[PDB]
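*Asks:* Protein chains in written order, with the entry's author numbering: chain UA, 14 to 162; chain TA, 3 to 162; chain A, 3 to 162; chain E, 14 to 162; chain B, 14 to 162; chain GC, 14 to 162; chain FC, 14 to 162.
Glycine residues also receive a C-beta, built at the ideal position from the N, C-alpha and C atoms.
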Amino acid sequence: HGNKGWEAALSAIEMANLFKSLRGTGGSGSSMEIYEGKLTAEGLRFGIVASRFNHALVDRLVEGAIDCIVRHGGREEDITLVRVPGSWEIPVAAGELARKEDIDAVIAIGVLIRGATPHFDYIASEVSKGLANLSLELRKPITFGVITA
Amino acid sequence: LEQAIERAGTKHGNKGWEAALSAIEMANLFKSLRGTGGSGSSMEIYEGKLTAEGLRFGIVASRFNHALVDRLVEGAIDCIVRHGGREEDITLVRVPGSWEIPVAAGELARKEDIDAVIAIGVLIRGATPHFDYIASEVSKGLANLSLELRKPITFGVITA
Amino acid sequence: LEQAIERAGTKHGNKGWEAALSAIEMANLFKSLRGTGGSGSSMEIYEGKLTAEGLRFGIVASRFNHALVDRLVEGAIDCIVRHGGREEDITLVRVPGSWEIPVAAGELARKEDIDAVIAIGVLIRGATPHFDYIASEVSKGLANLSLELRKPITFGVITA
Amino acid sequence: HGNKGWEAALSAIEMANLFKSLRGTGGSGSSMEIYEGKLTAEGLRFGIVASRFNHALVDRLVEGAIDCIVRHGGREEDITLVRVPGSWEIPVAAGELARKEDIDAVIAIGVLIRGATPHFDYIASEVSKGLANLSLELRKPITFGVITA
Amino acid sequence: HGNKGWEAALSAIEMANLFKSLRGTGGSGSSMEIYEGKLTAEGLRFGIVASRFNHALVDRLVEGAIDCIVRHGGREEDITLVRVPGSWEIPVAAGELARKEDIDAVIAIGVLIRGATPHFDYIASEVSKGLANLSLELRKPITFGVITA
Amino acid sequence: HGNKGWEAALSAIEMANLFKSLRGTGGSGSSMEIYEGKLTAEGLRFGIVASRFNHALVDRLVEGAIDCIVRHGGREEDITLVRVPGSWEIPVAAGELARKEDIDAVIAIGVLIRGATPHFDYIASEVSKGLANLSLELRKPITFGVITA
Amino acid sequence: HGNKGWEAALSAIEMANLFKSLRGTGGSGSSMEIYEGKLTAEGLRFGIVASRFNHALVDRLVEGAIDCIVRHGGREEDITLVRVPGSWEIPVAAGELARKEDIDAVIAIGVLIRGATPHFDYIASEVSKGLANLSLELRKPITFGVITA
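1) Where does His85/A land, buried or exposed, given buried means 16+ other C-beta within 10 angstroms?
2) How far does the alpha helix (DSSP H) with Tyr135/A in it extend, from its first residue to its last?
3) Determine whether the Cβ of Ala10/A lies closer than 7 angstroms to any Cβ atom of chain UA.
4) Taking 7 angstroms as the cut-off, decide whether the C-beta atoms of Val83/A and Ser148/E are in contact.
5) Can you give me the C-alpha to C-alpha distance between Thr53/A and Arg88/A, rounded to a whole angstrom?
6) Taking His132/UA as the reference, give the member of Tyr135/TA, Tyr48/TA, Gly108/TA with the closest Cα.
7) Less than 7 angstroms between the C-beta atoms of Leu94/TA and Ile61/TA, yes or no?
8) Taking only beta-carbon positions, decide if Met28/TA is within less than 7 angstroms of chain A.
9) Could you check what DSSP says for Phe59/FC in three-state terms: helix, strand or coil?
10) For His85/GC, which residues in chain E fall below 7 angstroms Cβ to Cβ?
11) Where does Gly158/E sit, in a helix, a strand or coil, going by DSSP?
12) Residues of chain UA with CB closer than 9 angstroms to the CB of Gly108/TA, please, in chain order.
13) Is there a Cβ from chain A that is less than 7 angstroms from the Cβ of residue 163/E?
14) To which residues does DSSP link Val95/A through a beta bridge?
15) Please work out which residues of its chain come closer than 8 angstroms, Cβ to Cβ, to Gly18/B, disregarding the five sequence neighbours upstream and downstream, and give them in chain order.
16) What number of angstroms, rounded off, separates the C-alpha of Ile155/E from the C-alpha of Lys142/A?
17) Using the three-state DSSP reduction, which class does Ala118/B fall into: helix, strand or coil?
18) Since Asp72/B meets chain TA, which of its residues come closer than 8 angstroms, beta carbon to beta carbon?
19) Just list the alpha helix (DSSP H) runs in the segment 62-90 of chain FC, keeping only unbroken ones of 4 residues or longer that don't cross its boundaries, in chain order.
20) What would DSSP say about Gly40/E, mapped onto helix, strand or coil?
21) Measuring straight from C-alpha to C-alpha, what distance separates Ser64/A and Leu70/A?
22) Of all the CB atoms in chain E, is at least one closer than 7 angstroms to the CB of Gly143/A?
23) Distance cutoff 7 angstroms, beta carbons only. Does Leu151/TA sit that close to anything in chain UA?
24) Shortest alpha-carbon distance to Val124/A belongs to which of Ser43/A, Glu114/A, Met28/A, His68/A?
25) Taking only three categories from DSSP, how would you classify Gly15/UA?
26) May I ask you to report which of helix, strand or coil DSSP gives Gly123/GC?
27) Which residues in chain B sit within 7 angstroms of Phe157/A, going by Cβ to Cβ distance?
28) Give the range of the alpha helix (DSSP H) segment to which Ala106/GC is assigned.
29) Below 8 angstroms on the Cβ atoms is my contact criterion, and I expect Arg58/GC with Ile116/GC to pass it. Report the Cβ-Cβ distance as a whole number of Å.
30) If we define contact as Cβ-Cβ less than 7 angstroms, is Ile61/UA a contact residue for chain F?
31) Judging by CA-CA distance, which residue of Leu151/UA, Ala137/UA, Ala29/UA is the nearest neighbour of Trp101/UA?
32) Quick one: residues in its chain with C-beta nearer than 7 angstroms to the C-beta of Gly15/GC, no 5 flanking neighbours on either side, listed in chain order?
33) Flag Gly15/GC as yes if its beta-carbon sits less than 7 angstroms from any beta-carbon of chain E, otherwise no.
34) Distance, Cα to Cα, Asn146/FC vs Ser44/FC?
35) Rounded to whole angstroms, what is the Cα-Cα separation between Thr161/A and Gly11/A?
36) Give me the chain A residues within the contact set of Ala6/TA, using Cβ-Cβ distance strictly less than 7 angstroms, ordered along the chain.
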């Protein structure tokens, strides 16, 4: 409920609904047009990409994601799960799910080593950079569920 | 005599072995997503196989600290053959230094008869106040190539 | 709903996975020694492959603490299919308790169309002053069967 | 039902069925073959070996073993009982019963004294080691009903 | 030189030579017949079975074994090496090398966990027991090069 | 096996068989007709009613009841479970399950507190009196799994 | 919260929903059809019968019953309260209230002060015995929340 898996799922549902309204027909006007996202999950298609490093922690995060979607009227048939060896492959794996026209949002869940002993962690910066660029290029929401040790 | 000692060493858990194992799973996973689909009525889980038969690979490795790089290369080749791969379906490319691994990686990845690329190198003196501009470019460059070409690239350098 | 949670769990490093991986390598190693031989002029190294295609297996598992044993069984089956094995070539046998795993193991190993046997069980209260006569018999019995029949038997119980 | 005798009979009955299934002709195939032992005790001939030390306790255990076989469809005519002067003679007598082609399982019932001595009871080890060895040589289940005290 | 790998190899060379003389023709007599083994390794065939657990320690032990044999006139073409996943498989692997009529001795090299927290280590006792029995049954020397942590 | 839950299942299974035998056509005759209940649990649909007071103890009993039915040939799909806030509601819920034409027996599992008071527990008497009365009116066995403490 | 009025009301809530599900359509099948009730009070009509002897204690008890219904999302308009001279009249009064086609549950509250003497065992027994028979005949839950004293 309070785990980072829950939080990532909530952002996905809101964002998916928001993009539905914007592409719809505009209103008559006469007032400021306020746009906002709903928390209803009916009729949506979702995809989750997760890793295996420290599978103890990652396992419970994925459980949270599935619970949140179904509890908000999400049908189990509309979840596609993909597993990758490690964090380095999350962005490339998320590329193929996003391009599919069936999916509406992608949730990325993972975990990264504490590190902090070197000046910079080069490997840990490409996962964040890669996902952000993919969202703008493909015009689809991608959520960052990565925990840090 | 010294040849026997070198051969006696194990090559089951070195960074090269891990890099090749990650490549085989990703290559098989891609061929599954791009193909057909299931019936339905349940959550659909995708996970790659560990079968290396029928897949063609490409390995790019540098030379600086060739004593350490050479064994990392043997680990990767050993993994492919053990898991059923065919020796005839491997391409090895050697480059001078780490600055110019990504340029070679792109040329291999652009071929229509390659499935994954394993990149092997060594980084020297990672703990230094000066920003290692060379080091950050190798990591950044390989990542961008993977997304553009929609082909996995594995990155198994060892710090030093 | 609860079915999804159970399926979401990973089965990559459990004791069952390790037991099945050890069996595949040993079975392939045996088919190499018993066959042909090399030319010579160098030290001859024998090492098994990790290809599970064409091999028939047999798994024996108990019931006490069936909640834990069941997932260990899934790990072993998952390893075989991932490494290229065929689901049709597996035989599962279930037994009441740990005292009588070895008796079932012998019957499977004596078939001419089985290559290795994976044994899965649970041992309870290993730290006790009384000599667990049941526990020592399971370990001793499986070992003797392996040597007599010249066939590998893997032993992947988990203490508790 | 909570006595060790009832437990011993159940184990023997369903291994007798498992072995009958294994050595028979295989099924159609095309899927994983799973083998299990039913609790039907029709046409199964049993033998029981029982000691006499602390004859009071051992007496009720033997009743449980016979009771279980009759309830589960067993014919009373197909049970053979043997009595031995003590624990040490159980392995020797059990082997004599096992070699008979008109037997499908054997149940060993006995009581062992407390091993308060620093050295493990040599007699205690041999009976466990003997019964186990017999099962492998003759390929026939031999259940273990020894109860400590 | 002083590592346990060296010591195991030395015993193998002596034992292999000893069995050569015993099967030879007997002497005239007139005095006590003293038999003893030589340290000459020419013309012999050797086999080594090693594991991978803690491959750092095991690797140097295997290096010692090869050095000792070659330094005593051992040709490199007459060594066969077999690797197994773990300690549990040493006895069964050593079974196949021994039966081959080409080999004259088998050296077993390995390493076992410190343990000592339970009352007994069941897994660590079968490797020792298995190798000893195999030597008597097959009538061939097998050396125990297992280190303990 | 020694828990009251295993005992309750056995009683229910073999009355379900007895009633199936009685209402069927009679035998040839010419001798005394003796009716008995087999332990085969094929094609028998069961219902279980379980309380929640002291949920720890009641939890393991229900596992025994389900375990017994599957071992004796029962299909897991043919069991219906109902949970009630306490002991007082067992008779009322049991009657609802009993009237279904797709049920052949019912098992009542519960725990009752000690009757240390001088007056007998009125709640304790009613559940025994209620379940017994139901069996006669509806002509369907209702096993009694209540365990005192 | 800590008064028997609390518990009686809480139990009634669970039982009301439980019966609604059972009479309704079953589940998708293919597994154990576990049934259970929730604490959703909305949409339910209740009724309370409370005595008048020792109104001091009874008054607070009936107040506790009110708190559950309003607190758990039950309208204050559906509660129906009926008062009677004493404990002897609770059964017959509850029968009339229960038989109404709208009242979906009933609660009883009282104090059996005279239970300290065996002479009251006659009147004491009937009230608990009577309410039990009402529920079975009419097939509708009737909670029993009296206090002994």
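*Replies:* Taking the definition as stated:
1) Looking up residue 85/A in the third sequence gives position 83. Around the beta carbon of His85/A, a 10 Å sphere encloses 16 or more other beta carbons of the protein chains shown; the residue is thus reported as buried.
2) Position 133 of the third sequence, counted from the first residue, corresponds to residue 135/A. Segment 135-151, the alpha helix (DSSP H) holding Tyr135/A.
3) As a first step, residue 10/A must be located in the third sequence, where it is residue number 8. It does: the Cβ of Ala10/A has a partner Cβ on chain UA nearer than 7 angstroms.
4) For the purposes of this step, residue 83/A is taken as the residue at position 81 of the third sequence. For the purposes of this step, residue 148/E is taken as the residue at position 135 of the fourth sequence. Cβ distance not < 7 angstroms, so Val83/A and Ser148/E don't count as in contact.
5) By 1-based counting over the third sequence, the position of residue 53/A is 51. By 1-based counting over the third sequence, the position of residue 88/A is 86. Going from the Cα of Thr53/A to the Cα of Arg88/A covers about 12 angstroms.
6) Translated into the one-based positions of the first sequence, residue 132/UA becomes position 119. The option with the nearest alpha carbon to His132/UA is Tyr135/TA.
7) For this step, residue 94/TA is matched to residue 92 along the second sequence. For this step, residue 61/TA is matched to residue 59 along the second sequence. Yes, these two residues count as a Cβ contact at 7 angstroms.
8) As a position in the second sequence, residue 28/TA is number 26, starting the count at 1. Not one beta carbon of chain A lies nearer than 7 angstroms to the beta carbon of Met28/TA.
9) Residue mapping note: residue 59/FC aligns to position 46 of the seventh sequence, counting from 1. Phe59/FC sits in coil when the DSSP states are folded into three classes, being neither helix nor strand.
10) What you label residue 85/GC is simply residue 72 of the sixth sequence in a count that begins at 1. Per Cβ cutoff of 7 angstroms: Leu52.
11) Position 145 of the fourth sequence, counted from the first residue, corresponds to residue 158/E. Note: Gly158/E maps to strand in three-state DSSP.
12) In the second sequence, counting from the first residue as 1, residue 108/TA sits at position 106. Those do not exist, as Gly108/TA stays about 15 angstroms from chain UA at its closest Cβ, beyond 9 angstroms.
13) The question about residue 163/E has no answer here: the residues shown for chain E are numbered 14 through 162.
14) For this step, residue 95/A is matched to residue 93 along the third sequence. DSSP, once it has assigned bridges, lists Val62/A, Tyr48/E as partnering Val95/A.
15) The residue given as residue 18/B occupies position 5 in the fifth sequence. For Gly18/B, where only same-chain residues beyond five positions count, the Cβ hits under 8 angstroms are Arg73, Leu74, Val75, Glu76, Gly77, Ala78, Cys81, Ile122, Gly158.
16) By one-based count along the fourth sequence, residue 155/E stands at place 142. By one-based count along the third sequence, residue 142/A stands at place 140. Each residue's alpha carbon lies about 17 angstroms from the other.
17) Translated into the one-based positions of the fifth sequence, residue 118/B becomes position 105. Under the three-state reduction of DSSP output, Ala118/B falls in the strand class.
18) If you number the fifth sequence from 1, residue 72/B lands on position 59. The answer, in chain order, is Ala10, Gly11, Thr12.
19) Counting whole runs of 4 or more residues, the segment 62-90 of chain FC contains the alpha helix (DSSP H) stretches 68-84.
20) Looking up residue 40/E in the fourth sequence gives position 27. Residue state, collapsed to three classes: coil.
21) Start at 1 with the first residue of the third sequence, and residue 64/A comes out as number 62. Start at 1 with the first residue of the third sequence, and residue 70/A comes out as number 68. Cα-Cα distance, rounded: 11 angstroms.
22) Taking the third sequence and counting its residues from 1, one reaches residue 143/A at position 141. Output row for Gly143/A: interface = yes.
23) Position 149 of the second sequence holds residue 151/TA. So, not an interface residue.
24) For the purposes of this step, residue 124/A is taken as the residue at position 122 of the third sequence. Comparing Cα-Cα distances from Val124/A to each of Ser43/A, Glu114/A, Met28/A, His68/A, the minimum goes to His68/A.
25) Along the first sequence, one-based indexing puts residue 15/UA at 2. For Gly15/UA, the secondary structure class from DSSP, reduced to helix, strand or coil, is coil.
26) Within the sixth sequence, the letter at position 110 stands for residue 123/GC. Correct three-state label for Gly123/GC: strand.
27) Position 155 of the third sequence holds residue 157/A. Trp101, listed in chain order.
28) Reading the sixth sequence from its first residue, position 93 is the one you call residue 106/GC. For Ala106/GC, the uninterrupted alpha helix (DSSP H) run begins and ends at 103-111, by DSSP.
29) Position 45 of the sixth sequence, counted from the first residue, corresponds to residue 58/GC. Position 103 of the sixth sequence, counted from the first residue, corresponds to residue 116/GC. The Cβ separation is near 5 angstroms, so the contact holds.
30) Chain labels in this structure do not include chain F; the protein chains are UA, TA, A, E, B, GC and FC.
31) The count along the first sequence starts at 1 and reaches residue 101/UA at position 88. Restricting attention to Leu151/UA, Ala137/UA, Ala29/UA, the CA atom closest to the CA of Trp101/UA is found in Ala137/UA.
32) Counted from its first residue, the sixth sequence places residue 15/GC at position 2. Sequence-distant Cβ neighbours of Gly15/GC in its own chain, meaning closer than 7 angstroms and more than five residues away, do not exist here.
33) As a first step, residue 15/GC is located in the sixth sequence; it is residue number 2 there, counting from the start. Contact of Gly15/GC with chain E is assigned, a C-beta pair being separated by under 7 angstroms.
34) What you label residue 146/FC is simply residue 133 of the seventh sequence in a count that begins at 1. What you label residue 44/FC is simply residue 31 of the seventh sequence in a count that begins at 1. Cα atoms of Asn146/FC and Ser44/FC: separation of roughly 34 angstroms, rounded to the nearest angstrom.
35) On the third sequence, residue 161/A is found 159 positions in, with the first residue counted as 1. On the third sequence, residue 11/A is found 9 positions in, with the first residue counted as 1. Whole-angstrom Cα-Cα distance: 21 angstroms.
36) The sequence position of residue 6/TA within the second sequence is 4, counting from 1. Within chain A, the residues near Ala6/TA are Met45.
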